[PDB]
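**Student:** Okay, so here is query00.pdb, and as you'll see once you scroll down, it has PDB, C-alpha atoms and all ligand atoms.
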```
ATOM      1  CA  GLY A   1     -93.485 -23.464 -20.008
ATOM      2  CA  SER A   2     -92.462 -21.341 -22.985
ATOM      3  CA  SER A   3     -90.075 -19.362 -20.781
ATOM      4  CA  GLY A   4     -88.803 -16.984 -23.446
ATOM      5  CA  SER A   5     -90.662 -15.139 -26.194
ATOM      6  CA  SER A   6     -88.213 -12.295 -25.572
ATOM      7  CA  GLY A   7     -89.650  -9.893 -28.129
ATOM      8  CA  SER A   8     -91.942  -7.092 -26.978
ATOM      9  CA  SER A   9     -92.793  -3.716 -28.509
ATOM     10  CA  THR A  10     -93.106  -0.455 -26.579
ATOM     11  CA  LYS A  11     -92.843   1.977 -29.492
ATOM     12  CA  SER A  12     -92.996   1.850 -33.292
ATOM     13  CA  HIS A  13     -89.489   3.226 -33.822
ATOM     14  CA  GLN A  14     -87.107   1.538 -31.385
ATOM     15  CA  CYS A  15     -83.314   1.778 -31.233
ATOM     16  CA  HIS A  16     -81.033  -1.267 -31.192
ATOM     17  CA  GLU A  17     -77.888   0.543 -30.045
ATOM     18  CA  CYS A  18     -79.348   1.278 -26.610
ATOM     19  CA  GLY A  19     -82.980   0.200 -26.779
ATOM     20  CA  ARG A  20     -84.847   3.507 -26.774
ATOM     21  CA  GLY A  21     -88.281   4.184 -28.231
ATOM     22  CA  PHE A  22     -89.709   7.025 -30.306
ATOM     23  CA  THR A  23     -93.162   7.708 -31.749
ATOM     24  CA  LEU A  24     -91.976   9.812 -34.687
ATOM     25  CA  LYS A  25     -89.322   8.155 -36.849
ATOM     26  CA  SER A  26     -87.532  11.506 -37.061
ATOM     27  CA  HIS A  27     -87.143  11.576 -33.277
ATOM     28  CA  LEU A  28     -85.162   8.329 -33.170
ATOM     29  CA  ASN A  29     -83.227   9.137 -36.343
ATOM     30  CA  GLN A  30     -81.844  12.219 -34.593
ATOM     31  CA  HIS A  31     -81.236  10.174 -31.443
ATOM     32  CA  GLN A  32     -79.303   7.362 -33.125
ATOM     33  CA  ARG A  33     -76.862  10.128 -34.048
ATOM     34  CA  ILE A  34     -75.456   9.796 -30.529
ATOM     35  CA  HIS A  35     -74.234   6.333 -31.521
ATOM     36  CA  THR A  36     -73.101   7.420 -34.987
ATOM     37  CA  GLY A  37     -71.633  10.836 -35.726
ATOM     38  CA  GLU A  38     -69.632  12.186 -38.656
ATOM     39  CA  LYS A  39     -66.498  10.037 -38.495
ATOM     40  CA  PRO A  40     -64.902  12.676 -36.229
ATOM     41  CA  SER A  41     -61.189  12.612 -35.407
ATOM     42  CA  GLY A  42     -60.527  11.568 -31.823
ATOM     43  CA  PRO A  43     -60.485   8.747 -29.247
ATOM     44  CA  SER A  44     -63.917   7.108 -29.227
ATOM     45  CA  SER A  45     -64.766   6.498 -25.570
ATOM     46  CA  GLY A  46     -65.969   3.065 -24.502
TER      47      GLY A  46
HETATM   48 ZN    ZN B   1     -80.032   4.450 -29.191
END
```
Could you render the structure as structure tokens?
**Tutor:**
Amino acid sequence: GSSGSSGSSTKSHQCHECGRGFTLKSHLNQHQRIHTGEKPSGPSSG
């Protein structure tokens, strides 16, 4: 059976916060920002 092996790869640099993929590390790095900002003051939505 082996009904599992849940571990594929679509792009070198992949995000864990949402699950996006980027070819150039930089790309993702800038993207991840969406998940982590600059400890801003305010109500963090869901
Ligand atoms: Zn992400």
**Student:** For stretch 18-29 of chain A, what centre and edge lengths in Å (one decimal) does the axis-aligned box get once 5 Å is added on each side of all its listed atoms, as lines of an AutoDock Vina configuration file?
**Tutor:**
```
center_x = -86.3
center_y = 5.9
center_z = -31.8
size_x = 23.8
size_y = 21.4
size_z = 20.5
```
**Student:** Distance table requested - chain A against ligand ZN 1 (chain B), cut-off 7 Å, all atoms listed in the file: one row per qualifying residue with the closest atom pair and its distance in Å to one decimal, ordered by chain and rising residue number, as CSV.
**Tutor:**
```
residue,atom,partner,partner_atom,distance
A:15,CA,B:ZN1,ZN,4.7
A:16,CA,B:ZN1,ZN,6.1
A:17,CA,B:ZN1,ZN,4.5
A:18,CA,B:ZN1,ZN,4.1
A:19,CA,B:ZN1,ZN,5.7
A:20,CA,B:ZN1,ZN,5.5
A:31,CA,B:ZN1,ZN,6.3
A:32,CA,B:ZN1,ZN,4.9
A:35,CA,B:ZN1,ZN,6.5
```
**Student:** Go ahead and save the picked residues with C-alpha atoms, as an mmCIF file, keeping the file's coordinate frame.
**Tutor:**
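Output below, filename part_17.cif:
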```
data_model
loop_
_atom_site.group_PDB
_atom_site.id
_atom_site.type_symbol
_atom_site.label_atom_id
_atom_site.label_comp_id
_atom_site.auth_asym_id
_atom_site.auth_seq_id
_atom_site.Cartn_x
_atom_site.Cartn_y
_atom_site.Cartn_z
ATOM 1 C CA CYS A 15 -83.314 1.778 -31.233
ATOM 2 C CA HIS A 16 -81.033 -1.267 -31.192
ATOM 3 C CA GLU A 17 -77.888 0.543 -30.045
ATOM 4 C CA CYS A 18 -79.348 1.278 -26.610
ATOM 5 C CA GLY A 19 -82.980 0.200 -26.779
ATOM 6 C CA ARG A 20 -84.847 3.507 -26.774
ATOM 7 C CA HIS A 31 -81.236 10.174 -31.443
ATOM 8 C CA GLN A 32 -79.303 7.362 -33.125
ATOM 9 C CA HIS A 35 -74.234 6.333 -31.521
#
```
**Student:** Name all residues at most 7 Å from residue A:13 (count all atoms listed in the file; drop same-chain ones fewer than 3 positions away) and give them as a PyMOL selection string.
**Tutor:** chain A and resi 21-23+25+28
**Student:** One decimal, in Å: what's the spacing between atom CA of residue A:14 and atom CA of residue A:38?
**Tutor:** 21.7 Å
**Student:** What does the distance between atom CA of residue A:43 and atom CA of residue A:29 come to in Å, to one decimal place?
**Tutor:**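 Answer for the atom CA of residue A:43 to atom CA of residue A:29 separation: 23.8 Å.
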**Student:** For atom CA of residue A:34 and atom CA of residue A:10, quote the distance in Å rounded to one decimal.
**Tutor:**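 According to the coordinates, atom CA of residue A:34 and atom CA of residue A:10 are separated by 20.8 Å.
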**Student:** If I only have part of stretch 4-17 of chain A, can you fill in N, CA, C and O atoms and write it as a PDB file, keeping the file's coordinate frame?
**Tutor:**
```pdb
ATOM      1  N   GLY A   4     -89.635 -17.725 -22.515  1.00  0.00           N
ATOM      2  CA  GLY A   4     -88.803 -16.984 -23.446  1.00  0.00           C
ATOM      3  C   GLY A   4     -89.565 -15.880 -24.152  1.00  0.00           C
ATOM      4  O   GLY A   4     -89.819 -14.824 -23.573  1.00  0.00           O
ATOM      5  N   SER A   5     -89.929 -16.123 -25.406  1.00  0.00           N
ATOM      6  CA  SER A   5     -90.662 -15.139 -26.194  1.00  0.00           C
ATOM      7  C   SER A   5     -90.150 -13.729 -25.914  1.00  0.00           C
ATOM      8  O   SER A   5     -90.933 -12.790 -25.768  1.00  0.00           O
ATOM      9  N   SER A   6     -88.831 -13.589 -25.839  1.00  0.00           N
ATOM     10  CA  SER A   6     -88.213 -12.295 -25.572  1.00  0.00           C
ATOM     11  C   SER A   6     -88.297 -11.389 -26.798  1.00  0.00           C
ATOM     12  O   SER A   6     -87.331 -11.250 -27.547  1.00  0.00           O
ATOM     13  N   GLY A   7     -89.460 -10.777 -26.994  1.00  0.00           N
ATOM     14  CA  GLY A   7     -89.650  -9.893 -28.129  1.00  0.00           C
ATOM     15  C   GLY A   7     -90.897  -9.040 -27.998  1.00  0.00           C
ATOM     16  O   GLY A   7     -91.923  -9.331 -28.612  1.00  0.00           O
ATOM     17  N   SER A   8     -90.810  -7.987 -27.193  1.00  0.00           N
ATOM     18  CA  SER A   8     -91.942  -7.092 -26.978  1.00  0.00           C
ATOM     19  C   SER A   8     -91.782  -5.810 -27.788  1.00  0.00           C
ATOM     20  O   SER A   8     -90.746  -5.581 -28.413  1.00  0.00           O
ATOM     21  N   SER A   9     -92.816  -4.975 -27.774  1.00  0.00           N
ATOM     22  CA  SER A   9     -92.793  -3.716 -28.509  1.00  0.00           C
ATOM     23  C   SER A   9     -93.427  -2.596 -27.689  1.00  0.00           C
ATOM     24  O   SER A   9     -94.612  -2.644 -27.361  1.00  0.00           O
ATOM     25  N   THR A  10     -92.626  -1.587 -27.361  1.00  0.00           N
ATOM     26  CA  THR A  10     -93.106  -0.455 -26.579  1.00  0.00           C
ATOM     27  C   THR A  10     -93.414   0.741 -27.474  1.00  0.00           C
ATOM     28  O   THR A  10     -94.321   1.523 -27.192  1.00  0.00           O
ATOM     29  N   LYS A  11     -92.651   0.878 -28.554  1.00  0.00           N
ATOM     30  CA  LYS A  11     -92.843   1.977 -29.492  1.00  0.00           C
ATOM     31  C   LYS A  11     -92.545   1.531 -30.920  1.00  0.00           C
ATOM     32  O   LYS A  11     -91.750   0.620 -31.143  1.00  0.00           O
ATOM     33  N   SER A  12     -93.190   2.182 -31.884  1.00  0.00           N
ATOM     34  CA  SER A  12     -92.996   1.850 -33.292  1.00  0.00           C
ATOM     35  C   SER A  12     -91.515   1.887 -33.659  1.00  0.00           C
ATOM     36  O   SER A  12     -90.941   0.878 -34.069  1.00  0.00           O
ATOM     37  N   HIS A  13     -90.903   3.057 -33.507  1.00  0.00           N
ATOM     38  CA  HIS A  13     -89.489   3.226 -33.822  1.00  0.00           C
ATOM     39  C   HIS A  13     -88.627   3.013 -32.582  1.00  0.00           C
ATOM     40  O   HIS A  13     -88.566   3.873 -31.702  1.00  0.00           O
ATOM     41  N   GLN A  14     -87.964   1.864 -32.518  1.00  0.00           N
ATOM     42  CA  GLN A  14     -87.107   1.538 -31.385  1.00  0.00           C
ATOM     43  C   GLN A  14     -85.650   1.422 -31.819  1.00  0.00           C
ATOM     44  O   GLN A  14     -85.355   0.971 -32.926  1.00  0.00           O
ATOM     45  N   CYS A  15     -84.741   1.834 -30.941  1.00  0.00           N
ATOM     46  CA  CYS A  15     -83.314   1.778 -31.233  1.00  0.00           C
ATOM     47  C   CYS A  15     -82.722   0.441 -30.795  1.00  0.00           C
ATOM     48  O   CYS A  15     -83.187  -0.173 -29.835  1.00  0.00           O
ATOM     49  N   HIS A  16     -81.690  -0.003 -31.507  1.00  0.00           N
ATOM     50  CA  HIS A  16     -81.033  -1.267 -31.192  1.00  0.00           C
ATOM     51  C   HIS A  16     -79.693  -1.024 -30.502  1.00  0.00           C
ATOM     52  O   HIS A  16     -79.152  -1.915 -29.848  1.00  0.00           O
ATOM     53  N   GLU A  17     -79.165   0.186 -30.653  1.00  0.00           N
ATOM     54  CA  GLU A  17     -77.888   0.543 -30.045  1.00  0.00           C
ATOM     55  C   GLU A  17     -78.007   0.599 -28.524  1.00  0.00           C
ATOM     56  O   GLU A  17     -77.118   0.146 -27.804  1.00  0.00           O
TER      57      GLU A  17
END
```
